[PDB]
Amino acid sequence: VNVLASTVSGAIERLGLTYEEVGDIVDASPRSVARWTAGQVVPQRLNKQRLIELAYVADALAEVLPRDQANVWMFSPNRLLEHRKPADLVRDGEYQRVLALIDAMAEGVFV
C-alpha cells in the first residue's frame, strides 16, 4: 500500500468515519474510498484533494476532542459555523474554516 493512501487512511480511521461517510464528503462510492485507502487502483470519480483535506481536519480535530465526540462533531450542526456541519464544509471546499475553528477550540477562545 502506497504511503500517501495509508497516511490518509490512518487519519480517517482515528476519527472512525465509515466509507459511506467519507464517500459523501469526497464525492465517491464507498467501494472507491475503500479501494483508494487500501492503495488499489480507482478509475472512478474520487476527489483526492477533498480526501486529503478531510485527513487534515481529522488529524487536527483529534487534538481537541476524543474519538467518539470528534466523530459526532463532524456531523453536528455547529452554531459557530452558522449551524452547518463541519463535514459539509469539508465536502464543499471550506476545510480551512473548519481548521480555523479547531484552532480556536485548541486555544480556548470564548464562544
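The first residue of the sequence shown is number 1, and the count goes up from there.
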For this session: Could you settle it for me: does 66-74 or 50-58 have the higher average Cα B factor in the PDB entry?
Result: 66-74
Exercise. Out of 95-103 and 5-13, which stretch has the higher average CA B-factor listed in the record?
Worked result: 5-13
Exercise. Should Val42 be placed in the lowest, middle or highest third of its chain by the C-alpha B factor in the entry?
Worked result: lowest
Exercise. Lowest, middle or highest third: where is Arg79 by C-alpha B factor in its chain?
Worked result: highest
